[PDB]
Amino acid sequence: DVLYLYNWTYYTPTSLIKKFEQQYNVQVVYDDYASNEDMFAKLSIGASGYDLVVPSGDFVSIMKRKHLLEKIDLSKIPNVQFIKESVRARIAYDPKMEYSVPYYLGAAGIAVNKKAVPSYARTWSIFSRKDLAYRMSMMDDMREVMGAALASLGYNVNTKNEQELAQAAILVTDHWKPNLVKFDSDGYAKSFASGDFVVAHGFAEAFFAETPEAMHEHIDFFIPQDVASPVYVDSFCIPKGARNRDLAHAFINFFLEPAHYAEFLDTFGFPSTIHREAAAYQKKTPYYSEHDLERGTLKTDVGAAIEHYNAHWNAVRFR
């Protein structure tokens, strides 16, 4: 009678949770987390108490190899038929959805204050602009920042090549970092709203939630299209030891109902990247289109190649 949901703060719209609660006469314990590292920690060897968790594609692959996830019974999730074919092809960490079901696919991008920066190219190299120095931020995320640098240099955002990573590190350290106030994943949208940052790396839903609607026309948010910018996919997974698998499946099935998925997308101004029905049911014009995610590269599990990422990033981030 209770579903234990573990997800990013606000990521499951409470409005949808109430509906699932009213429909099934159940209650949802929704514990939030601020990162997949933190989520992972609760689900570490061996068993949290959760029925559902929402990891990104790299963390689905990591958690499969560490045997942290339970097989999903797709017969209990008929609405899995709404998952676009194009998405099915990209989810190589779990292509048959045996351990995961897609929740959302999007990408971080760049917001530019068009009144403060009238001329700019719509590219990552915007962070090398010395005329905007100390009025920009990039995200406090290693895979996003390294990924953007790798993308810009024509390298795979998931590369395992050591000289490509060093090259990316030099790009961030020597070309972008000197122009940044800081790396910031939580204050950038507010600082962008005040005018403190005039260009910032981040999520469209944050920039637009945080800036009054009156001032939206002055924002150009874009995911750079001239390179294979990093893209993410988040998924429902059932943690090892889940006590209520029946409600876990029922919730994934509920979330993927066209009107209920559309209500999810509309909450954040998301396009229907994964769902073949939901766009018809949406009330909100998306902040970016699904076609903006085509050229980009899905962030994946890099395996050991992580040690090189870590070593370069800790230097970028703490020096």
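When you see a residue number, it is the position in the sequence shown, counting from 1.
Between 81 to 89 and 109 to 117, point out the one with the higher average CA B-factor as the PDB entry records it.
Mean B over CA atoms: larger for 81 to 89.
Select between 68 to 76 and 210 to 218 the stretch whose C-alpha atoms have the higher average B-factor in the entry.
Stretch with the higher mean C-alpha B-factor: 210 to 218.
Highest CA temperature factor in the entry: which of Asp234, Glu162, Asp140, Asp174?
Highest CA B-factor of the listed options: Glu162.
Based on the entry's values, in what third of the chain does the Cα temperature factor of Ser125 lie: lowest, middle or highest?
Answer is lowest: the recorded C-alpha B-factor places it there.
Entry-reported Cα temperature factor of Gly187, expressed as the chain third it lands in:
Answer is middle: the recorded C-alpha B-factor places it there.
Ranked C-alpha temperature factor of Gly241 among modelled chain residues, by third:
Ranked within chain, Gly241 CA B lands in the middle tercile.
Quick check for you: using the entry's CA B-factors within this chain, is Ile45 in the lowest, middle or highest third?
For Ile45, the deposited C-alpha B-factor lands in the highest third.
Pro55's Cα B-factor: lowest, middle or highest third of the chain?
Its C-alpha B-factor belongs to the lowest third of this chain's values.
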